[PDB]
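Coordinates in review
Now for the letters of each chain:
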Amino acid sequence: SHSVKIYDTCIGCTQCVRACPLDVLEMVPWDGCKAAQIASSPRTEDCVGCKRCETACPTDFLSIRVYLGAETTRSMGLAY
Amino acid sequence: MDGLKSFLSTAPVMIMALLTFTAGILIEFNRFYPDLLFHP
Amino acid sequence: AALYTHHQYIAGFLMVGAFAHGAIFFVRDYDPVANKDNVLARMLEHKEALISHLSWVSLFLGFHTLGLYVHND
Amino acid sequence: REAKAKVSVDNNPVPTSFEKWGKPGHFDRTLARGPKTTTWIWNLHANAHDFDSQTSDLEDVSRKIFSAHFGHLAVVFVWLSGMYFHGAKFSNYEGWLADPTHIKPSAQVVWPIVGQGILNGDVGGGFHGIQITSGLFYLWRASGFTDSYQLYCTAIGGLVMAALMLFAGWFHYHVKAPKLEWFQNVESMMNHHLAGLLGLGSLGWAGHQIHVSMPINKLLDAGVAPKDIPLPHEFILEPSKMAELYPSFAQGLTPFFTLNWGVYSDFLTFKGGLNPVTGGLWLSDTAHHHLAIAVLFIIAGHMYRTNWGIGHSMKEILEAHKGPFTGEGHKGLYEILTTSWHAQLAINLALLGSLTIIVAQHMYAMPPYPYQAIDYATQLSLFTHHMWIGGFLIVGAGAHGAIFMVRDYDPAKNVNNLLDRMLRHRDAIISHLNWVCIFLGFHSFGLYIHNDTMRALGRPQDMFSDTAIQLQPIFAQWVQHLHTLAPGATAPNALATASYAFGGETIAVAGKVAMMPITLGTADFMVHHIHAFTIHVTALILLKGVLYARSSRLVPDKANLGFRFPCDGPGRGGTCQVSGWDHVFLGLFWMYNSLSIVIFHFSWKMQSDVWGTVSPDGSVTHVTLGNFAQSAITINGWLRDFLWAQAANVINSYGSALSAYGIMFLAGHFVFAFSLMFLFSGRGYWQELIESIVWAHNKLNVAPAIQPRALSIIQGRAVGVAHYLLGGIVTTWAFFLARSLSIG
Amino acid sequence: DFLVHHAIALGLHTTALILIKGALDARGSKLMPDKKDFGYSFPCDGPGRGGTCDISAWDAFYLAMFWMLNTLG
Amino acid sequence: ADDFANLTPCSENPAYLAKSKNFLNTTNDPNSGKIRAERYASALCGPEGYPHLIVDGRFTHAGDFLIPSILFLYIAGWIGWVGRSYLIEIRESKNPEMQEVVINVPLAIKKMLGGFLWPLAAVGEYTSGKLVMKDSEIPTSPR
Amino acid sequence: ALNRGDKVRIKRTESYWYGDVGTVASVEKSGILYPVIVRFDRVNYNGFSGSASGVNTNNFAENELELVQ
Amino acid sequence: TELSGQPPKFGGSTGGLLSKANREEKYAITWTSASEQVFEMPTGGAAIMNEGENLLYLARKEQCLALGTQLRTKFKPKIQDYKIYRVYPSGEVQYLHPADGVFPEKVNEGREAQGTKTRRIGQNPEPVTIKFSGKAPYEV
Ligand code: CLA
Ligand code: CLA
Ligand code: CLA
Ligand code: CLA
Ligand SMILES: CCCCCCCCCCCCCCCC(=O)OC[C@H](COP(=O)(O)OC[C@@H](O)CO)OC(=O)CCCCCCCCCCCCCCC
Ligand SMILES: CCCCCCCCCCCCCCCC(=O)OC[C@H](COP(=O)(O)OC[C@@H](O)CO)OC(=O)CCCCCCCCCCCCCCC
Ligand SMILES: CC1=C(/C=C/C(C)=C\C=C/C(C)=C\C=C\C=C(C)\C=C\C=C(C)\C=C\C2=C(C)CCCC2(C)C)C(C)(C)CCC1
Ligand SMILES: CC1=C(/C=C/C(C)=C\C=C\C(C)=C\C=C\C=C(C)\C=C/C=C(C)/C=C/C2=C(C)CCCC2(C)C)C(C)(C)CCC1
């Protein structure tokens, strides 16, 4: 599977969760930004690696990073 | 009007105008003084 | 002819591999604190100058050599 | 301007101004805020005509499209008038008309400077210029042009028409802008395009041929010389001047209305063959053909119901066609072709490119213009030109089919119609097309590889040749035989064959051959299967791009990504070039490949088994001595006896009037190699290099405010494919022109 | 020989520019300030941030191979 | 004395003379070939008959490279300096970008005309101006 | 301590404007790890491929800024 | 437990489930509709959702999520009560989306934080400092 890490430079704009096409990310409560929330990656076994969460990220260089790892049926996006 | 001048002052218009002007300069120079490989 | 071509091709491959392994060292093995302010760190510290001046010399050479060839043609 | 019609326009929707000319990017809200990065510039050109991304009003889009059509027609009028004026005051059309068989058609004189004056080679009669291959002189002789002043008058008329079309575009986008209701009158538009544009056009052209082309050419072929022919209108002022050539004219138009048509057999013939004097189609045959086509189109222009109850409703016809295999059938297609511009554009591009390729194939073997078959350069040039136009139009048809799929496709209105079921078994379609392409590739190119390996090993008897294991195209030979037996049997009144390419007499004009039987053997079978293979691969790419634009097993939400997008990230193993635009990108390369092999086949076969000289014995000596049969069966044959051999004219063209062809040869090679850089790399490396150069400019405070950005992935692909096609097509252009101009 | 030695100079300069730019940005740039975290060879970083095709130093090696073959040609 | 023994002056090279007897007219001048044959007989030719150029640096061949080099250096410095000063004056116009796309014609012409003194204004900005910028004030990427 | 209008240089290394100059727009209250809002004149890289411009604002901390005026 | 709902009105296609659904895994989307409507199938072509409950089986999770986004972004009464599960060949059913009955776009209590780094991006350890280990800068 792929790793999806989130860093303290998160502002909690929820855009990466809205952009995710496989429900890998969640908005959990936090106390490090104004929105009082941070991104999380609970369902990483469904990550394909399309980098949409990074594309929808506003911080100067992303606060959410996707690292492509061991490939499986779910990560390769296979319907067969 | 002012928009016509602003269109005439765009990047492609100005660049093609300067390129045509320089083309004319060089073409006429080589027409009246041709085959100038080197300076005597 | 075959010997000259063969060994020049071997040399080209070896040079490309050398630079590939230099980049691989930079990726995997480079230590910034044990090599701080030394020659390596300075090479990295003005990398924009080196790359830009290589760009200039390359543009220079290519522009003018291709121009001379096309003029002759 | 109603006249009890269905016309509905807006008297003043758009004011006329010049201020927006000073705001580059007014049509795009993302570009109106001004540039910040260099990409802003490129996108400004990418969305220039992308009217859908500029406004969501179908009416305004239709108005922009109508005025753009008028502007393009003005541009084509300007180009046609330029050609006519260059034939008028810059060509040897009269010196050529006085003696065609001993002079080369020249036009476009070059200013003697920097050495370029060498390009004005002697073409005959003391004229010095560049030999033209567009065949304009043959067309003008077919039209009956005798005096350069008439070419000047045609140029003036064309410029007046260009001004008219431009004024019409301005008037219908700013003054009287027609409503969306007016464009959706497909029945009326069809009736008029069949009867008014096509029917009346061919009718008037048949009239012009009967009154100008036919009499003047009848005399011209008999050696009366141009300056001694009366003017075209002296034939209308003097009816006896028409009756002396065609006694059928002496009876007037009385036999016409009384169905006494046979009387008109003097000038309305069915000869079928070629004119023995000039090697073109009989102008009597072409006039008869235009008359028949005009009547057909006029009768066709009455089918659809408009404002009088009689006629056919295309919606009822489409919805009435449904069977056990296809569900609800063509239901909803009326709504598609009425509310979507891209669907119309795709259908029309496809059929127009096919028509263009058909034009090429029908003009190479049935030379319609006088003295065009003698000139091999003009023949080859027109063939390959229409071939490439058709190929590009077909690729564009695929592009717009995909664009419709992404933008105008509505699943709520396509419930179990033909399009729905196609989307529901696209997997079967594409898998079977994949297999068919593989089977053809193995069984066409693989046969060439077999022949190469067998010949290389010294085993000629194991090859696929006419002398070993034959692959006789039996069916095409049978059809050619049927064509050569049609006049007198299955074509009773036709005097000769439709074309001598199927067989018959080896018609030769002057010292060269015009058209002889084109034999078909093992190599022809192999080349035709190569053609089928390449066409199938290109169609596979384009059809898969169209059918999978909305979704796939990889990307179930591809439609939301749009028609033009680079990818959806390196995930799912990698999803590059999954978009329909990228399918158009690949289909461009495969169209280039297909058409290149087609035109190479055309050139070699014509030069080998058709084109040549004829000595006063009946014996024909071809250009390259019939080497097609024994050499066009291996790849080494195409490399040596076609590319290596026939490029000798192009490479040794320096120091003559054809040195420009060697220059452009090298230039096309260079542009192909240059495209390779955009085709093999990625944007990130170039953006890092630009970052370093931007630092360097920051060192001296030369940093532009518009930040330099590397070309986008899609733009990198577009640039690469554009340069690839340009370089390759220009290379083969120079090669073909030099070769066919250095074979006599 | 003068013209072709300048062509050889262009080839060497451009191939070395590719390789050096790849090795010096292998640890990072302004598109991927953490390119070292992803390794010497990776597909890319996605279409985001403008597009990141051929970003790794391995892609610089693969690019430089073409220019090396051209130089040897 | 015997420098460049492989080359001989074009007048003393027989191949060059034979070819120059048939040099081609360039422009509408029928003597363009004749005047070219007369002008190229000055330089050194090779065994084939075409002139070779000498960039060794000696002032006997100062026209072969030195003078075109000086001319191009002057003109390219002019272009670069006028463009740079135009961009820098653009920098302080609130909307510099859309003036970089839409060229301010009067300001551009005023910068261009005052370009004949570029080699002096260059050292003027280098001595205590804005020609060279401190490295620490320039944006860079991670090392 | 920084106020609105403070021209400052970014020291975040990984930042697109590291070494560039940006003007402070507002400073959020305590608690937040990166409160200093800095707007810029040069847009960064953000946006899908082929997009127009980028983002010209980001939140940093006091320690990541060098003060100018 | 047992997934309920009427299958959408569909004539069939070649883009649906393959051998994976019975050998490996499958997915299911359920949703309630205010009327018989027409929607687009993630596997190609149009289908008709029934008024009331609808159950649909798909091959991949991204397909169900695409259907969910379409339900919630393309219809006048937005369908947002959709649920996505994963079905195994043993008949087992694993509820998936939305994880805690609330969409992940908006914050909700009870959720833990995973993959959250206390440090900055540029504060990752240098690879040489963790070499000859089975970890990468973004993992320690
Ligand atoms: C003939 C093919 C070709 C050409 C011309 C180029 C051109 C160039 N490459 Mg390239 N490259 C190629 C093949 C080619 N490449 C291939 C196949 C690959 C593998 C993918 C690469 C990969 C590659 C890399 C990785 C790099 C380059 C670099 C460069 C640039 C270096 C500058 C130089 O060499 O001198 C000068 C330039 C030239 C000789 C070519 C341009 C000359 C033209 C003709 C000038 C005229 C412009 C014209 C008038 C514009 C108006 C056109 C108008 C009619 C529309 C240069 C512009 C290096 C670079 O960017 O350096 C900074 C770089 O790092 N190339
Ligand atoms: C007999 C009537 C008639 C005629 C001849 C045409 C002809 C044409 N139409 Mg039109 N159209 C008609 C009826 C007609 N239409 C009706 C009733 C409608 C309403 C439903 C439309 C709505 C329509 C639309 C929306 C569009 C067209 C377009 C076109 C042009 C595309 C084909 C082309 O480029 O060919 C070759 C081009 C030419 C031969 C140029 C000549 C054009 C002239 C000005 C028209 C013919 C002269 C005129 C009839 C006067 C003749 C008098 C005299 C010669 C006897 C074409 C010239 C398309 C277009 O604009 O393409 C540019 C387009 O967008 N038509
Ligand atoms: C009647 C035919 C027709 C019509 C009206 C359209 C209409 C449209 N097309 Mg389509 N298409 C066509 C034919 C047509 N096309 C053909 C023949 C092809 C095959 C190549 C395509 C392939 C295609 C693609 C891939 C795309 C479109 C797109 C578009 C839309 C944007 C237009 C645009 O790109 O702006 C203006 C065009 C340009 C800036 C391109 C200029 C590049 C030039 C022509 C380089 C060519 C060189 C030149 C011919 C010779 C060399 C000269 C040089 C040396 C100076 C537009 C509504 C785009 C879209 O997104 O659709 C919504 C898009 O992505 N089309
Ligand atoms: C000469 C160069 C070349 C060749 C070899 C191919 C090969 C192929 N391409 Mg391709 N292509 C090329 C260039 C080439 N491409 C380029 C430059 C591009 C970029 C635009 C593309 C992009 C492209 C696309 C988009 C597509 C193809 C497709 C195909 C396949 C067509 C199906 C077929 O013909 O069956 C098979 C034919 C062959 C394998 C040819 C070789 C057969 C040899 C003679 C037999 C070998 C004997 C034996 C097996 C050897 C054993 C060795 C021993 C040691 C064991 C085919 C394998 C289409 C496809 O996938 O088809 C469905 C397709 O969609 N190509
Ligand atoms: C060697 C000697 C043997 C030769 C036999 C070759 C013919 C056998 C295979 C032909 C396919 C028959 C199906 C079409 C006959 C046909 O269309 O039937 C009609 C049927 C639709 O008819 P409907 O009854 O629905 O008609 C109502 C319509 O008005 C509404 O659409 O089409 C289909 O069944 C879909 C299947 C098409 C998919 C098959 C296409 C395969 C391509 C074949 C290419 C080979 C020749 C190409 C030359 C250009
Ligand atoms: C032998 C002839 C050669 C034929 C080659 C044909 C190449 C076909 C390539 C397919 C793409 C074509 C569609 C482009 C439309 C398109 O979308 O292309 C693709 C690309 C789109 O990139 P993006 O996806 O990033 O754009 C999205 C933006 O709209 C973001 O909002 O656009 C560009 O290539 C930009 C470069 C423009 C270059 C500006 C130069 C202007 C030339 C002026 C002269 C024109 C010629 C006049 C006629 C003589
Ligand atoms: C003469 C001679 C030669 C050569 C020599 C040499 C080797 C030289 C050099 C040199 C060098 C080694 C140089 C370097 C440098 C550096 C720098 C640094 C410069 C530049 C700068 C700047 C700063 C600029 C500026 C500007 C201007 C002024 C104008 C335009 C704009 C601009 C901005 C670009 C030869 C042999 C060929 C021949 C004989 C003799
Ligand atoms: C004149 C002469 C002489 C002399 C010579 C000399 C003195 C010199 C040499 C020179 C040299 C001396 C040269 C060079 C070479 C170089 C090269 C070949 C390159 C490179 C580099 C690289 C490739 C790198 C890599 C890396 C990286 C990138 C990073 C990390 C580290 C490393 C290293 C890994 C004599 C008298 C003897 C003899 C006669 C002649």
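Residues numbered from 1 in each chain as written, not as in the entry; some residues may be left out. Chains lettered and ligands numbered in written order. Part of a larger assembly, values for the part shown. Heavy atoms only, no water.

Header annotation of the entry names X-ray crystallography as the structure determination method and lists the resolution as 2.501 Å.

With that out of the way, let us pick up the overall build of chain F. Assigned secondary structure in chain F consists of 6 helices and 3 strands. When its helices and strands are written in sequence order, chain F yields β-α-α-β-β-α-α-α-α. For chain F, the residues scored as buried account for 36% of the 143 residues in total. Of the contacts made within chain F by residues no fewer than 6 positions apart, 55% connect residues no fewer than 24 positions apart. Just so you have it, chain F exposes about 9,000 Å², and 64% of that area is on carbon and sulfur atoms. In chain F, which carries 14 positive and 15 negative side-chain charges, the distance between the mean positions of the two groups comes to 6 Å. (Helix = DSSP H or I, 4+ residues; strand = E, 2+ residues; numbered from the N terminus. Buried < 20%, exposed > 50% of the residue type's maximum accessible area, 1.4 Å probe, protein only. Contact = heavy atoms within 4.5 Å. Areas by Shrake-Rupley, 256 points an atom, 1.4 Å probe, with all protein chains shown as cover. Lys, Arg positive; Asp, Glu negative; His and termini not counted. Charge placed at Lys NZ, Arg CZ, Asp CG, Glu CD.)

Here the focus is helix α22 (residues 580-609) of chain D. The end-to-end C-alpha distance of α22 of chain D, which contains 30 residues, comes to 42 Å, matching closely the 44 Å that a straight helix rising 1.5 Å per residue would cover. Within α22 of chain D, 26 of the 30 residues are buried, leaving the element largely enclosed by the surrounding structure. (Expected span 1.5 Å × (residues − 1).)

Considered as a void within the structure, the second largest pocket measures approximately 1,400 Å³ in volume. Mapped by element, the contributors of at least two residues to the lining of the second largest pocket are α4 (96-101) of chain F together with β1 (7-10) and β2 (21-27) of chain G. In the lining of the second largest pocket, the residues fall into 16 nonpolar, 13 polar and 13 charged. (1 Å grid on protein atoms, 1.4 Å probe; cavity = no way out; pocket = protein on both sides within 12 Å on 5 of 7 lines; lining within 4 Å. Points joined across faces, edges and corners; volume = space filled by probe spheres on them. Nonpolar A, V, L, I, M, F, W, Y, C, P; charged D, E, K, R; others polar.)

Turning to the site of ligand 3, a few remarks are in order. Residues and elements named next belong to chain D. Around ligand 3, a shell composed of 15 residues is seen, among which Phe 392, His 400, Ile 403, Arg 564 and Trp 581 lie nearest. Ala 46 places a main-chain nitrogen or oxygen 3.5 Å from an oxygen atom of ligand 3. When residues of the shell around ligand 3 are traced back to their parent elements, those giving at least two are α2 (39-46), α15 (341-365) and α16 (376-407). Of the residues forming the shell around ligand 3, the biggest block, 6 residues, is contributed by α16. Per-class residue counts for the shell around ligand 3 are 8 nonpolar, 4 polar and 3 charged. (Near = heavy atom within 4 Å. Polar contact = N/O pair within 3.5 Å; in protein donor to acceptor, adjacent residues only side chain to side chain.)

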